[PDB]
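Summary of structural features
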Amino acid sequence: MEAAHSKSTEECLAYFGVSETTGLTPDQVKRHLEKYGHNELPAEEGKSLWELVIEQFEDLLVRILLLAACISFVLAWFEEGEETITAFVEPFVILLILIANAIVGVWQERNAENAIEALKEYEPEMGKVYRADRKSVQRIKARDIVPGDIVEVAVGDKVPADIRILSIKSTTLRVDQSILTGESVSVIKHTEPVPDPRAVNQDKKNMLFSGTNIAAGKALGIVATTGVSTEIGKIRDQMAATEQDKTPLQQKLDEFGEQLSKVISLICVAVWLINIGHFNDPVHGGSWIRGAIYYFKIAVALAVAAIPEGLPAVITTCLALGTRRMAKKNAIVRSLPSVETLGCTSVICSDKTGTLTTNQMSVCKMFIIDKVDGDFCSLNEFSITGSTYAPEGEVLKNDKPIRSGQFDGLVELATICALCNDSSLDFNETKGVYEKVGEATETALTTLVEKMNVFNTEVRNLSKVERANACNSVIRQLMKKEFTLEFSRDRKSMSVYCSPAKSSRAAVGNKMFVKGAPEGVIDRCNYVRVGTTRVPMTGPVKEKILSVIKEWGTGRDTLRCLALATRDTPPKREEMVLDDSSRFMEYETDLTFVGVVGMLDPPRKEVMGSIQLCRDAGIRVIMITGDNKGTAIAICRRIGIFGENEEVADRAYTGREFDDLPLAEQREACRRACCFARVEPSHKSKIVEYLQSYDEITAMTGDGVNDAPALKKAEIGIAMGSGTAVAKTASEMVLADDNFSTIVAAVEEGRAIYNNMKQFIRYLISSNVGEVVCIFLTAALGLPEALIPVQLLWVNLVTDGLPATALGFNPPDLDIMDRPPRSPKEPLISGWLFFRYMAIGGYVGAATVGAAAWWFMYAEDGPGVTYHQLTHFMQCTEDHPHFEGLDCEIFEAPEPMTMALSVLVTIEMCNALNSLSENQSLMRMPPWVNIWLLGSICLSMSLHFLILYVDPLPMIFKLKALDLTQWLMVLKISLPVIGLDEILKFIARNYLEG
Ligand SMILES: Nc1ncnc2c1ncn2[C@@H]1O[C@H](COP(=O)(O)OP(N)(=O)O)[C@@H](O)[C@H]1O
Ligand SMILES: [Ca+2]
Ligand SMILES: [Ca+2]
Ligand SMILES: [Ca+2]
Ligand SMILES: [K+]
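Right, let's talk about the packing of aromatic side chains for a bit. Aromatic rings considered in pairs are described by the distance between their centres and by the relative angle of their planes. As enumerated under the stated definition, the model contains 18 aromatic pairs in all. The interplanar angle of 65° and the centroid separation of 5.2 Å between the aromatic rings of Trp-794 and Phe-957 together place this pair among those described as edge-to-face. With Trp-794 in helix α26 (residues 789–799) and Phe-957 in the loop between α32 (952–956) and α33 (966–974), the pair connects residues that are 163 residues apart, well separated along the chain. Since its relative accessible area comes to 9%, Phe-957 is described here as buried. Of the aromatic side chains, those joined through ring pairs into one cluster are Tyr-653, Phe-658, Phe-676 and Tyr-690. Across the ring face of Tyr-694, the terminal group of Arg-667 is positioned such that the distance to the ring centre comes to 3.6 Å.

Laid out in structure tokens, this is it:
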């Protein structure tokens, strides 16, 4: 732990006692651990209090039912009667459903938090350090790094600790530190000290803060602080719900229930009005108050009844549930909307190298010049063996194992590979395998030279550790790397300025070794090295080279090709300005071509398959790579993006070709084209932006820093577990699995959550509308009431709860991933659905009245008021308007009423069997598809039985009943709801639109 960033490199180096180039001794490490602990934070625990999670109150339509319970608790406090209890049950028929939803939500959210922390804490964060026990850089669990030791970090890496920069390898080091200082753009660094021991972070321009990202370049430094003593480790705890808000679908439904408060609140105040004429009726005596409170009670209870108090929970739930599922497919969701947004995606843009392909690169072919004579050019081709980055394998000409150092071309070739190279290898002892350190393209090279072994170095007697870099090291001892012109994606090449090693001879030849994309480099070559010789680059020579490149690119191996050339006579260091990266290309001119390497880079298994599924789901998949257009197109084909034979000149463009088009033509180009090549980061962004200008939901997949902009501009960015931190930081989802499939599953889930939301809404609406059709039909048809306050609270508690919340666990529709994606601005409720909402609610409203009616009329154990209702109800006093006054006051019988309440429950528990699927028959999507649903129904049906037979209970509600017949009736009335929907589903099916 150093308190200084205001000291020099040495002071700091000596402070811990380290060799800036070698790193801490196994004993210094064992010690600093003991003295400084591991590089991490305690945390890892409770991200939400068991009680916090409970605040699945505080929402919209939950506060309503919350308050409706208060009033029914005050009214019960001011209620005098020998019936001082049916009023205390009320507040618990309301609280009850609220509680039930609360638990499920809470349960679902806890399981998700867990599942996630599982995925996260799975793959350990690794670090790059120089340590004494190894000559080359090695990778250690970041948790293990301690103050003092030497850390290396480069473009795209995440700073693993708080670090004092020692040496900046690239011409410039650019770091992104938004997570800390809040500075929006990348900032510059230097190795000079900053005196002021008070200075703020923003000014510590010689430090790298653990948790920032390197946006550009590469550097080595010495670790000042670890763990909690970290600039970002202190500030963790400190508040701010910087955790976003609600998802667009969450905000869509939030508003739908808001204006359902209106429609409902009105229909309520309505009931209070449509009656209040029964303000005097003998029932509540006739008081100038006892009649408006009863009906005020019927309103509130009708409200609680209609209001989908489960809506705010079920989204939340489906959400956390979708999350938990992705988490299980090794997908990390960084931003809640992602899965939903993903659901309705039309276009999936994707990087090639490393995203579409495995990024496991090996050099397997290479070539130099053989003979150059007039229009004749010939090449020395070679083959390499070994698919991994292991330094085991052999070079082969004509199937014969050749000794690389035998060909002068291959010597320089190797020299260049070794020297123009920011990456290295490292052998993982635990896993027992050679792992790259830096970019794969570069590392492939490193491996190549370990296989070339041109100076026939003795290696057979070297540990699996030393054998990794041995040769390269040799080459490294042979020249001094003065500085390097970092690889830049515009010029698409990279160079290295070198002088003679021991300084044996000064001015005997300074060099620049160059490595880059063939086309550009070859254009910058004036000469062609022939062994030790050199001759002018000519037409025929070039053509020969390029043509073999073309061959290898489009070949059945789709080789990823790089060119190596040297500048024999560089400018003097004094003439070279390293300030503007722009002038580097010139510094890389008048080159001498040396040779070409063909890299192997396998497409991922699951990719072709995922592409298909997208094609069926109506989803466009576009490739946006920096790589060569020929190679790229080749690969699209292998990936299924293009047919093995197919003219693509109209649908595949290079950044250059693309930029040549007029703006208009660019916009359109995006619509038809599926392959963009040799494109800079800006292009990747622009292409998405275009897709977006068609009001479409665009997805961007990638792994590298040239992907960030597009990753960031898309609706969802999906990063690779393998890819850069930079790339991850700009993503909503991260495939740790690196599995491409998950993307598709991810779109299937958001398709589903939506469908689930719909059916929920369908059941709540069509049912609860029936419930209000019940009332506004009897009270208007001049019929005796069908339900009382606590009778409504019951049809509620028992059909607006777990049976509904259960729809959340509906399976995917059978066609879900077979129809085009939903426009995001689509009317939540279609016109044709409102009809179906009504046609169901209507039939529910009436079948519930005709049942109470039927009890009055055709019930063989009831009276027989036959058709007409015998006209009316106005037959109070004995033999009143004598129209067969053979009965007294059967107009208070608890039977006609429980008759309806019983049907309501049942007919509702029926069209919830209709909310398995939008438009699929129970013949295709049967009830057992959703088991969680069935248990809920039985749960409710059971609650209804209890209420009807546990003697103390029918008092508090209404008189029991039904033995066969009476129940068989409820059934005869309710069951047809299923027949009506199953025809209604027939309609919208054998006439389609969605
Ligand atoms: N580290 C590097 N140094 C020099 N040249 C390199 C390099 N890594 C990549 N190249 C060349 O730059 C070209 C474009 O790189 P880029 O757009 O970043 O990704 P990609 N799919 O093309 O590899 C590559 O196709 C490659 O030939
Ligand atoms: Ca309700
Ligand atoms: Ca890439
Ligand atoms: Ca209901
Ligand atoms: K984004």
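Here the narrative resumes.
Moving on to the coordination of the calcium ion (ligand 3). At the metal site, the calcium ion (ligand 3) is ligated by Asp-351 (OD), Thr-353 (O), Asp-703 (OD) and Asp-703 (OD), and these contacts range over 2.3 to 3.1 Å. The sequence pattern formed by the donor residues of the calcium ion (ligand 3) is D-x1-T-x349-D. Here the residue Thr-353 occupies a position in helix α11 (residues 352–356), and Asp-703 occupies one in the loop between β28 (698–702) and α23 (708–713), the gap between them amounting to 350 residues. Taking relative accessible area as the criterion, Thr-353 reaches 13% and is therefore assigned buried. Owing to a relative accessible area of 12%, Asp-703 belongs among the buried residues under this scheme.

For the rest of this paragraph, the subject is the sheet that holds strand β25 (residues 620–624). The eight strands are arranged β10-β30-β29-β28-β11-β25-β27-β26 in an open sheet whose pairing can be described as mixed. This sheet does not close on itself; its edge strands, each paired only once, are β10 (331–333) and β26 (652–654). In this sheet, neighbouring strand axes are inclined to one another by 20° on average, regardless of whether the strands run parallel or antiparallel. In the sheet, β28 pairs with strand β29 (residues 716–720) via four bridges, with the strands oriented parallel. What sits directly across from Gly-702, in β29, is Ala-719. Contacts from helix α22 (residues 681–692) reach β11 (347–350), β25, β27 (675–677) and β28, with the element oriented near 160° to β25.

The subject of this paragraph is the site of ligand 1. In the region of ligand 1, 15 residues are neighbours, and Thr-353, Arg-489, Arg-560, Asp-627 and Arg-678 sit closest. At 2.4 Å, a side-chain N or O of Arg-678 approaches an oxygen atom of ligand 1. When isolated, ligand 1 has an accessible area of 550 Å², and the protein chains bury 94% of it. Where the shell around ligand 1 is concerned, the elements lending two or more residues are β20 (511–516) and β23 (560–567). In terms of domain composition, the shell around ligand 1 takes at least three residues from each of domain 3 (346–358 + 603–745) and domain 4 (359–602).

This part is about the UniProt feature "binding site: Ca(2+) 1" in the chain. If you check UniProt for "binding site: Ca(2+) 1", the listed places come out as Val-304, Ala-305, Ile-307, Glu-309, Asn-796 and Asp-800 in our numbering. For this annotated set, covering 497 residues, all C-alpha atoms fall within 9.9 Å of each other, a compact arrangement in space. Relative to the assigned elements, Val-304 resides in helix α8 (residues 292–306). Non-local contacts of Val-304, meaning those with residues more than four positions away in its chain, are made with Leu-65, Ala-68, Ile-94, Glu-309, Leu-793 and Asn-796. Note on placement: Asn-796 falls in helix α26. Not counting residues up to four positions away in its chain, the partners in contact with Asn-796 are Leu-65, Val-304, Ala-305, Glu-309 and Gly-801. For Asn-796, the side chain forms a polar contact with the main-chain oxygen of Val-304, separated by 3.4 Å.

Below, the discussion takes up helix α4 (residues 61–74). For α4, built from 14 residues, the straight-helix expectation of 20 Å at 1.5 Å per residue is met to within 8% by its first-to-last C-alpha distance of 21 Å. Within α4, burial applies to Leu-61, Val-62, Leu-65, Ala-68, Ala-69 and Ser-72. Take α4 and look down its axis: the buried residues cluster within an arc of 120°, on one side only. Close packing links the buried residues of α4 with α5 (86–120), α7 (248–274), α8, α9 (311–328) and α26.

Each value, and the rule that gives it
Residues numbered from 1 in each chain as written, not as in the entry; some residues may be left out. Chains lettered and ligands numbered in written order. Heavy atoms only, no water. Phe/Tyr/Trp six-rings, centres within 6.5 Å; stacked < 30°, edge-to-face > 60°. Helix = DSSP H or I, 4+ residues; strand = E, 2+ residues; numbered from the N terminus. Buried < 20%, exposed > 50% of the residue type's maximum accessible area, 1.4 Å probe, protein only. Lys NZ or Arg CZ within 6 Å of the ring centre and 35° of its normal. Donors = N, O, S within 2.8 Å, 3.2 Å for Na, K, Ca; no water. Pairing = 2+ DSSP bridges. Axes fitted to C-alpha atoms, helices over the stretch in contact; angles between N-to-C directions. Contact = heavy atoms within 4.5 Å. Near = heavy atom within 4 Å. Polar contact = N/O pair within 3.5 Å; in protein donor to acceptor, adjacent residues only side chain to side chain. Areas by Shrake-Rupley, 256 points an atom, 1.4 Å probe, with all protein chains shown as cover. Domains from an automatic or database assignment. UniProt positions renumbered as here; feature names shortened; annotations may be inferred. Expected span 1.5 Å × (residues − 1). Arc of directions from axis to C-beta.

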